[PDB]
Amino acid sequence: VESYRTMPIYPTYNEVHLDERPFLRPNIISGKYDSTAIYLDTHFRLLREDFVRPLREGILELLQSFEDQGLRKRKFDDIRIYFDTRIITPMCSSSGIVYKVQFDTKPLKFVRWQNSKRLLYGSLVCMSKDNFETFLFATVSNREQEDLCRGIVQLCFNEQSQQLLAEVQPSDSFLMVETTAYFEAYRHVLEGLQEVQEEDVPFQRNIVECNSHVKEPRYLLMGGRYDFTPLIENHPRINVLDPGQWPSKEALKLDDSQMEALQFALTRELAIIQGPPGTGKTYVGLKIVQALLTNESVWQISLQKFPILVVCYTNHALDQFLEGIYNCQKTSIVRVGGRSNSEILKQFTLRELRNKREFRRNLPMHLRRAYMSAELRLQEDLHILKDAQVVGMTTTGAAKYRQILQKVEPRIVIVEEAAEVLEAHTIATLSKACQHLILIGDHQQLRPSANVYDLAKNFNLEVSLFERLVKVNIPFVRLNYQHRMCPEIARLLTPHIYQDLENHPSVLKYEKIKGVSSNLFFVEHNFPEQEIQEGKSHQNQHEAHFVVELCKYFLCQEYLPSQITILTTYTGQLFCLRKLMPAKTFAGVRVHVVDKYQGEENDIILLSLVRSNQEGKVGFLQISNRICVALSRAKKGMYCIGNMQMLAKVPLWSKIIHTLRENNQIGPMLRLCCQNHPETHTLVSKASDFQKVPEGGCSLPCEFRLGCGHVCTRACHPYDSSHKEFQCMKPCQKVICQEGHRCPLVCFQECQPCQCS
Ligand SMILES: [Zn+2]
Ligand SMILES: [Zn+2]
Ligand SMILES: [Zn+2]
Ligand SMILES: [Zn+2]
Ligand SMILES: [Zn+2]
């Protein structure tokens, strides 16, 4: 039996040309694993197949389609083709031997390289000149925008293919195939996962054995008392194992559930923090890291410093988390990865720490002498991290630098948004020295996506580590109290999704949105959807027009564009909205899809469900998680549209619709209100129904007496009630000369000399 380590990461000749089914095991999410060995085997096999199966199926489709003449024009969903690609010259690089390779640019004139995801740094690319009898596995090494326009890329061949490089003539033409999937998120994790020894995976007795017993961290057995003064002030030392000695929640500026979560995460080596959207998890993260850093003496046992390691999945979450801790800690924060957009954290990037004359001065003499005489770029990182307290990387970064983290041996590991990281990713970051792992996230929301649906559904690949530990009944704490949504919105989540979720008293203060009788309304309609030729998405013209017109109407209510955002569930509808989106009138209005809008919040969200057809083809709106995400994004304004009749077949949607029908907030038409004339209510159901309120007021004329003596030619409008920025279009008529001639200009224009003067 071949160990998972000996299994080649790349696909083999056999895997593609003959139809072998590799042995795979679905995850046992309802029971324990027989061994950690088979545990790692299963995870590696699943992730490997996840990455390669699209590639092998695409190669099969291509070889079966070679006999067809329409190859250049055919779009392959999972692979990309570059024609007449020849290998031109070698070059010497700091990372080894690279080869310039040029492809044809005639079919790729439409490609705008500055935004394209094609052939990015680190992508798999496969060569062949004999209809894929032989493969040259390759990785994109260095790309330039001007160079991509001319069709050349730098490629770093692997160890096997470099042997086949010895005989390639430059005249040879190779067929370029790139996987759509982002290699490095798989490549680094796979390499680390093979490198992972069965013994060095920590918490074997909990992760694999599935025991509900989680002890305190090992470093509490030697004794340690905590001082909570910096958290209170922004005090006698306190034994954290005793609940009765803790400080007050008001001093720490936390509620009861947040205090319980803090104490649990601080006292339990593997504590899991659940939190509904809007409750507040980042604040608790800052509090726990502050408490841990204040009390270094408790956990640091040796003279050598072991920093806190903080790993996330997205850069922006990491940047906001490090900005948060910067409120309480103003030094010794180090961040790796150059894709940070946060200027405050720019000064702490690894490159900048490598800079500064003082660092070049205080470097060891032996290190400096070697410099004059990849080794000098190492041993630089180690000294910096030994002087820090917190480190931030993405999971891909943690896998990439796993050797350095093996060296440093961080004892504190914090993974934000644990529900959005693959379990295989979390295996790569855990090391042997991990004595404390904390997970914050929400399994009720979305979970990481698999490239293939079969592994996603029948193999449970999407089950995050967070979700698996929740399902195997490892104890966890549930954050309570919501701070974001108003009570009317909150009633949609309770009790149909969350059994117990109370409203923080701050939410009862939310004011009514102006110009509409209801702060939450669902528009029901039966207009069928329109399919798109390309892709599997769907779009609705009626919903798009209605939503964009309501968007325009709300701008007339003095609501700034930044407080308004349009959410849609499908990409085709998003492309439809931007068509109805001239930047002149709604600049600053963000249009995103629900999946890409996880974690963002806004004042008003207009949601378009799109799906409406007689056959009952719901799509993926039938899943509970995505619904829990889509319907809880705004603070004060919910305005939705979608077919209630079909959606009633999903039990969750039918409960939601029943709750809506209870409060009369659902109907075929939306009731509107004129601010200047509260007595009139206008019913809107279609795009043409917005002609009655062109400025957002009422169809009656403005009738306001301007300071120039004329009357406002606009109709009723609530914006600029003083008419200070209004310009009179009526004639001026003002006498401007002694002869009695009247000014021919417009009234708002300044009078010019008589054209007599
Ligand atoms: Zn009016
Ligand atoms: Zn007016
Ligand atoms: Zn005039
Ligand atoms: Zn006038
Ligand atoms: Zn005159």
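Residues numbered from 1 in each chain as written, not as in the entry; some residues may be left out. Chains lettered and ligands numbered in written order. Heavy atoms only, no water.

Header annotation of the entry names cryo-EM as the structure determination method and lists the resolution as 3.90 Å.

As named in the PDB entry, the protein chain is NFX1-type zinc finger-containing protein 1, taken from Homo sapiens.

### Things to note about the overall build of the protein chain
The secondary structure content of the protein chain amounts to 26 helices and 25 strands. For the protein chain, the spread of C-alpha atoms along the three principal axes comes to 100 × 80 × 65 Å. The buried share of the protein chain, reckoned over its 757 residues, is 51%. As displayed, the protein chain has an accessible area near 38600 Å², and 51% of this comes from carbon and sulfur atoms. On the protein chain, the mean spot of the 89 positive side-chain charges and the mean spot of the 85 negative ones are 4 Å from each other. (Helix = DSSP H or I, 4+ residues; strand = E, 2+ residues; numbered from the N terminus. Buried < 20%, exposed > 50% of the residue type's maximum accessible area, 1.4 Å probe, protein only. Areas by Shrake-Rupley, 256 points an atom, 1.4 Å probe, with all protein chains shown as cover. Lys, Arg positive; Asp, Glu negative; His and termini not counted. Charge placed at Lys NZ, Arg CZ, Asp CG, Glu CD.)

### Some remarks on the packing of helix 8 (residues 256-267) against helix 9 (residues 282-294)
Where helix 8 contacts helix 9, the axes come no closer than 10 Å and their chain directions differ by 45°. The angle between the axes of helix 8 and helix 9 places the two elements in the oblique class. For the pair helix 8 and helix 9, the sense of crossing is right-handed. Across the interface between the two elements, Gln258, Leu262 and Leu266 from helix 8 touch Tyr283, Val284, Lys287, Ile288, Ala291 and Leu292 from helix 9. Classifying every residue of the contact of helix 8 with helix 9 by side-chain character gives seven nonpolar, one polar and one charged. (Axes fitted to C-alpha atoms, helices over the stretch in contact; angles between N-to-C directions. Parallel < 35°, antiparallel > 145°, perpendicular 65-115°, else oblique. Left-handed = near helix turned anticlockwise from the far one by under 90°. Contact = heavy atoms within 4.5 Å. Nonpolar A, V, L, I, M, F, W, Y, C, P; charged D, E, K, R; others polar.)

### Examining the coordination of the zinc ion (ligand 4)
Put simply, the ideal angle at a metal is 109.5 degrees for four donors in tetrahedral geometry and 90 or 180 degrees for six donors in octahedral geometry. Taken together, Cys708 (SG), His710 (ND1), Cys728 (SG) and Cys747 (SG) make up the full set of protein donors to the zinc ion (ligand 4), lying 2.1 to 2.3 Å away. With four donor atoms in place around the zinc ion (ligand 4) and angles of 92 to 125° between them, the coordination shape is tetrahedral. Summarised as a motif, the one-chain spacing of the donors to the zinc ion (ligand 4) is C-x1-H-x17-C-x18-C. Residue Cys708 is found in the segment after strand 25 (681-684), and its partner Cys747 is found in the segment after strand 25; the two are separated by 39 residues along the sequence. For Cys747, a relative accessible area of 7% puts it in the buried group. (Donors = N, O, S within 2.8 Å, 3.2 Å for Na, K, Ca; no water. Tetrahedral: all angles 85-135°; square planar, octahedral: opposite > 155°, others 65-115°.)

### A few points about the nonpolar core
By size, the foremost hydrophobic cluster in this structure holds 52 residues, and its most contacted members are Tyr39, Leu40, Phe44, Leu270, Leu437 and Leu439. With eight residues, the top contributor of residues to this core is helix 2 (residues 36-65). Residue contacts for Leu437: discarding those within four places in its chain leaves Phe203, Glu269, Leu270, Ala271, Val413, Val415 and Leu430. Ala265, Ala271, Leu318 and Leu322 belong to the second largest nonpolar core, which has 42 residues in total. (Core = buried A, V, L, I, M, F, W, Y, C linked by side-chain atoms within 4.5 Å.)

### Considerations on helix 2
In this model, helix 2 (30 residues) spans 43 Å end to end at C-alpha, consistent with the 44 Å of a helix rising 1.5 Å per residue. At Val52, helix 2 shows its largest kink, close to 35°, and the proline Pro54 lies no more than four residues downstream. For helix 2, a buried count of 23 out of 30 residues is recorded, marking the element as mostly surrounded by other parts of the structure. Residue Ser35 occupies the N-cap position of helix 2, its side-chain oxygen lying 3.4 Å from the main-chain nitrogen of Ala37. (Expected span 1.5 Å × (residues − 1). Bend = angle between axes of the 7 residues up to and from the residue. Polar contact = N/O pair within 3.5 Å; in protein donor to acceptor, adjacent residues only side chain to side chain.)

### Describing the pattern of salt bridges
Evaluation of the coordinates by the stated rule reveals 25 salt bridges. One salt bridge connects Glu380 with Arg360, and the closest N-O pair in it is separated by 3.6 Å. Of the residues examined, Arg360 reaches a relative accessible area of 30% and is grouped as partly exposed. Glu467 is the partner of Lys471 in a salt bridge, and the nearest nitrogen-oxygen pair spans 3.4 Å. Of this pair, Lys471 and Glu467 both sit in helix 20 (residues 465-471), four residues apart, roughly one helical turn. On the basis of relative accessible area, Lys471 is assigned to the partly exposed category, the value being 43%. Overall, the relative accessible area of 5% leaves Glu467 in the buried class. If you follow the salt bridges from partner to partner, you end up with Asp19, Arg21, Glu49, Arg53 and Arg56 in one network. (Salt bridge = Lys/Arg side-chain N within 4 Å of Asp/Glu carboxyl O.)

### Describing the sheet that holds strand 15 (residues 477-478)
Strand order in the open sheet made by the seven strands is 11-12-10-13-14-9-15, with parallel pairing throughout. Looking at the sheet topology across the chains shown, the edges are occupied by strand 11 (333-335) and strand 15. Relative to strand 12 (residues 390-394), strand 11 runs parallel, the two sharing three bridges. Directly across from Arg335, in strand 12, lies its bridge partner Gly392. Running over the sheet, helix 11 (residues 315-325) touches strand 10 (308-312), strand 11 and strand 12 and is turned about 170° from strand 11. (Pairing = 2+ DSSP bridges.)

### Things to note about a nonpolar patch on the surface
On the surface, a nonpolar cluster with roughly 340 Å² of combined accessible area is contributed by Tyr371, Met372 and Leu376. With respect to the secondary-structure elements, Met372 resides in helix 14 (residues 365-372). (Patch = residues over 30% accessible without salt bridge, like charges linked within 9 Å, V, L, I, M, F, W, Y side chains within 5 Å.)

### Description of the coordination of the zinc ion (ligand 3)
Distances from the zinc ion (ligand 3) to its protein donors, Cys732 (SG), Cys743 (SG) and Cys751 (SG), fall at 2.3 Å. Read in sequence order, the donor residues for the zinc ion (ligand 3) give the motif C-x10-C-x7-C. Separated by 19 residues along the polypeptide, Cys732 in the segment after strand 25 and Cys751 in the segment after strand 25 bring together distant segments of the chain. Judged by relative accessible area, which is 35%, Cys751 ranks as partly exposed.

### So, the pairing of strand 13 (residues 412-415)
Every second residue of strand 13 is oriented toward a common face, with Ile412 and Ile414 on one face and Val413 and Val415 on the other, all of them buried. Both strand 10 and strand 13 contribute to a ladder of four bridges, which runs parallel. Its bridge partner lying in strand 13, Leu309 is registered against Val413. The pairing of strand 13 with strand 14 (residues 436-441) spans four bridges and is classified as parallel. Within the sheet, the bridge partner assigned to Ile414 lies in strand 14 and is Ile438.

### Some words on the environment of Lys636
Assignment of secondary structure puts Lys636 in strand 22 (residues 634-641). In this structure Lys636 comes out as buried when scored by relative accessible area, which is 16%. Sequence separation between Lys636 and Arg611 is 25 residues, and the spatial gap between their C-alpha atoms is 25 Å. Ignoring sequence-local partners within four residues, the contact set of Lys636 consists of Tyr510, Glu511, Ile513, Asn519 and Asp603. A distance of 3.0 Å separates the side chain of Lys636 from the side chain of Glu511, its partner in a polar contact.

### Looking at helix 8
The end-to-end C-alpha distance of helix 8, which contains twelve residues, comes to 16 Å, matching closely the 16 Å that a straight helix rising 1.5 Å per residue would cover. Along helix 8, the positions that sit buried rather than exposed are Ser257, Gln258, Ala261, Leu262, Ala265, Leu266 and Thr267. Looking at the buried positions of helix 8, the neighbouring elements they touch are strand 7 (225-226), strand 9 (270-274), helix 9, strand 14 and strand 15.

### So, the packing of helix 2 against helix 5 (residues 183-195)
Orientation of helix 2 relative to helix 5, taken along the N-to-C sense of each, is 155°, at an axis distance of 11 Å. Relative to helix 5, helix 2 is oriented roughly antiparallel. Here helix 2 runs over helix 5; the crossing is left-handed. Contact residues: helix 2 offers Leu40, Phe44, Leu47, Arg48, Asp50 and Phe51, while helix 5 offers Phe183, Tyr186, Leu190, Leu193 and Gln194. When its residues are assigned to classes, the contact of helix 2 with helix 5 shows eight nonpolar, one polar and two charged.

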